[PDB]
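So the protein sequences, as listed, match chains BL, BM, Ac, Ad, AL and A3. In this text, residue positions in the first sequence follow the deposited numbering: the first is 246, and each later residue adds one. In this text, residue positions in the second sequence follow the deposited numbering: the first is 393, and each later residue adds one. In this text, residue positions in the third sequence follow the deposited numbering: the first is 23, and each later residue adds one. In this text, residue positions in the fourth sequence follow the deposited numbering: the first is 150, and each later residue adds one. In this text, residue positions in the fifth sequence follow the deposited numbering: the first is 66, and each later residue adds one. In this text, residue positions in the sixth sequence follow the deposited numbering: the first is 15, and each later residue adds one. The next block holds one structure in the form of structure tokens; read it before the comments.
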Amino acid sequence: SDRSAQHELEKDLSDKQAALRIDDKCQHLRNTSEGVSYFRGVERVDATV
Amino acid sequence: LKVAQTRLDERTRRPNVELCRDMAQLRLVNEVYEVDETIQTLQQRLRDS
Amino acid sequence: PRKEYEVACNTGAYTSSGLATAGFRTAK
Amino acid sequence: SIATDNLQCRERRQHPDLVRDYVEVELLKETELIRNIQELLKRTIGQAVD
Amino acid sequence: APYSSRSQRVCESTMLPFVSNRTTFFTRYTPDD
Amino acid sequence: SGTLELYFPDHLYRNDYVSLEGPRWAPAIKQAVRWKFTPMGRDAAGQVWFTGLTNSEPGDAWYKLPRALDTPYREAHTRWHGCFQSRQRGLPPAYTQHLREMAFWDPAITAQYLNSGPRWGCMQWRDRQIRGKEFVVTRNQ
Numbered sequence: 246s247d248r249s250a251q252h253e254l255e256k257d258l259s260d261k262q263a264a265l266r267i268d269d270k271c272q273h274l275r276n277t278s279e280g281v282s283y284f285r286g287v288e289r290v291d292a293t294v
Numbered sequence: 393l394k395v396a397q398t399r400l401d402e403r404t405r406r407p408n409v410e411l412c413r414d415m416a417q418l419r420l421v422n423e424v425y426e427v428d429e430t431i432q433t434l435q436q437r438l439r440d441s
Numbered sequence: 023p024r025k026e027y028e029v030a031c032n033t034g035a036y037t038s039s040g041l042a043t044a045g046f047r048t049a050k
Numbered sequence: 150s151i152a153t154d155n156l157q158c159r160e161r162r163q164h165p166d167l168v169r170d171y172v173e174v175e176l177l178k179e180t181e182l183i184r185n186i187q188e189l190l191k192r193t194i195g196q197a198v199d
Numbered sequence: 066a067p068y069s070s071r072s073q074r075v076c077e078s079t080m081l082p083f084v085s086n087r088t089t090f091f092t093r094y095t096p097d098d
Numbered sequence: 015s016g017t018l019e020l021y022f023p024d025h026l027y028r029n030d031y032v033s034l035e036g037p038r039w040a041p042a043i044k045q046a047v048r049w050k051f052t053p054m055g056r057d058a059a060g061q062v063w064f065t066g067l068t069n070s071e072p073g074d075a076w077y078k079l080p081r082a083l084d085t086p087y088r089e090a091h092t093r094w095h096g097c098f099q100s101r102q103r104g105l106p107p108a109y110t111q112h113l114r115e116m117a118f119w120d121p122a123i124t125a126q127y128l129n130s131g132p133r134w135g136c137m138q139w140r141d142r143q144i145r146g147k148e149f150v151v152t153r154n155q
């Protein structure tokens, strides 16, 4: 029981890291930094859990 | 308009748990609509000039 | 093995599955 | 508003009945159809103003 | 048989629930896919 | 009709009706009581457990000041929700009710009390250029 619960916390921490890299390299972005482009429809898309 | 709307699309690659809608989504869609409106009014006034 | 048969029952291209091998399963 | 309230109310069920039955499929189809229809109405109002 | 069921056997076994709190249904894939 | 000189290429945001599927997943909420089997053994118990700040704790005040150690005061959620409320109070109310569970919000994103322009208004004063009388701008305001 201890090892299974500890697995659940490990995969939660992994998903936290997968969010952190996106938020880190998103919020360091400045005006015309590198590789920015026109995208369209993202302001239309709102998926949320 | 470049930097804000590619900020939106470069954000929206997120995984399942953190696929959400915070204030950043709402502020960014308001940003891109008002920058678009500024483009149309400056284009019209250039035409009248 | 009944576990292998049950997960082979559950797998598919567009089919949701709740069984999880060597761990807890979904509440739904 | 009615559809999203049905979604949260039916999602608040207990453990031996939290089932992805046909009701939840039809509720998701309702949410999708409502949002598509009202966005189409938004574009039609724009064209009729133009 | 008493040893034909252990924790290492029903920990493997699949008809028992052992459920978690996630409700998302992940998908599996085939190597040719 | 004539020879129009134009000087700008930016687009104008229309004429793309895309059939959108993809926001298809069961939404996540805050629950109160969940269930567990605590060991994997021949010993096994079906135990319910209730979460902390949901239904068992209360907000701070000076009459309830120090703490009771028996109380389920979840400090992490308390601090996070305090800073969340501090950041939350800045947005106006339609953007607050979009962060609720049920969909009581207006479907069109720009609000009535913030937008200076009328939504889907049909009036637009266009002055025809004719030699002679005086041309002018901003007849709306």
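For each residue, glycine too, the CB sits at the ideal point set by N, CA and C.
Nearest-angstrom Cα separation, counted from residue j out to residue i
| i | j | result |
| --- | --- | --- |
| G146 (chain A3) | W134 (chain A3) | 34 Å |
| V32 (chain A3) | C97 (chain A3) | 39 Å |
| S278 (chain BL) | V395 (chain BM) | 8 Å |
| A59 (chain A3) | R93 (chain AL) | 32 Å |
| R406 (chain BM) | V168 (chain Ad) | 27 Å |
| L418 (chain BM) | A82 (chain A3) | 41 Å |
| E175 (chain Ad) | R159 (chain Ad) | 12 Å |
| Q163 (chain Ad) | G280 (chain BL) | 48 Å |
| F90 (chain AL) | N32 (chain Ac) | 11 Å |
| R266 (chain BL) | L420 (chain BM) | 20 Å |
| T193 (chain Ad) | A122 (chain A3) | 14 Å |
| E115 (chain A3) | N155 (chain Ad) | 11 Å |
| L67 (chain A3) | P86 (chain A3) | 7 Å |
Which of helix, strand or coil DSSP assigns to residue i
| i | result |
| --- | --- |
| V290 (chain BL) | coil |
| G16 (chain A3) | coil |
| residue 107 (chain AL) | No information on residue 107 (chain AL) is available, as it lies outside the stretch 66 to 98 that chain AL covers here. |
| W39 (chain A3) | coil |
| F98 (chain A3) | helix |
| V47 (chain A3) | strand |
| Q61 (chain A3) | strand |
| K191 (chain Ad) | helix |
| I267 (chain BL) | helix |
| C412 (chain BM) | coil |
| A35 (chain Ac) | coil |
| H273 (chain BL) | coil |
Chain-order list of residues whose beta-carbon lies under 6 Å from that of residue i (same chain, five-residue window excluded)
| i | result |
| --- | --- |
| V294 (chain BL) | none |
Close beta carbons around residue i, own chain, < 8 Å, minus the five adjacent residues each side
| i | result |
| --- | --- |
| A108 (chain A3) | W119, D120 and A125 |
| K50 (chain Ac) | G40 |
| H95 (chain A3) | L67 |
Chain-order list of residues whose beta-carbon lies under 7 Å from that of residue i (same chain, five-residue window excluded)
| i | result |
| --- | --- |
| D141 (chain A3) | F149 and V150 |
What are the residues of the segment 80-112 of chain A3 that lie near chain Ad, defined by any Cβ-Cβ distance shorter than 7 Å?
Here the close residues number zero.
Name, going along the chain, the residues of the segment 410-422 of chain BM whose beta-carbon falls closer than 8 Å to a beta-carbon of chain BL.
Within the segment 410-422 of chain BM, the residues whose Cβ lies closer than 8 Å to some Cβ of chain BL are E410, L411, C412, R413, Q417, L420 and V421, listed in chain order.
For the segment 73-87 of chain AL, list every residue whose C-beta sits within 8 Å of some C-beta in chain Ac, in sequence order.
Those would be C76, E77, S78, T79, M80, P82, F83, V84, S85, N86 and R87, in chain order.
With 8 Å as the limit, tell me which residues of the segment 173-187 of chain Ad have their beta carbon closer than that to any beta carbon of chain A3; keep them in chain order.
Listed by position, the residues of the segment 173-187 of chain Ad near chain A3 (Cβ gap below 8 Å) are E173, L177, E181, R184, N185 and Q187.
Determine which residues of the segment 247-271 of chain BL have a Cβ less than 8 Å from any Cβ of chain Ac, and write them out in chain order.
Answer in chain order: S249, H252 and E253.
Members of the segment 115-139 of chain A3 near chain BM, C-beta cut-off 8 Å
Contact annotation: in the segment 115-139 of chain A3, residues whose CB is within less than 8 Å of a CB in chain BM are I123 and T124.
Which runs of the beta strand (DSSP E) at least 3 residues long sit entirely within the segment 91-146 of chain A3? Give them in chain order.
Unbroken beta strand (DSSP E) runs of no fewer than 3 residues, entirely contained in the segment 91-146 of chain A3, are not found.
Could you run through the segment 45-59 of chain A3 and flag, in chain order, every residue whose CB is less than 7 Å away from some CB of chain BL?
So the list reads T52, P53 and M54, given in the order they occur along the chain.
Residues in the segment 17-43 of chain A3 having any Cβ partner in chain BM nearer than 9 Å
Taking 9 Å as the Cβ-Cβ cut-off against chain BM, the residues of the segment 17-43 of chain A3 that qualify are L20, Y21, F22, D24, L26, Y27, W39 and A42.
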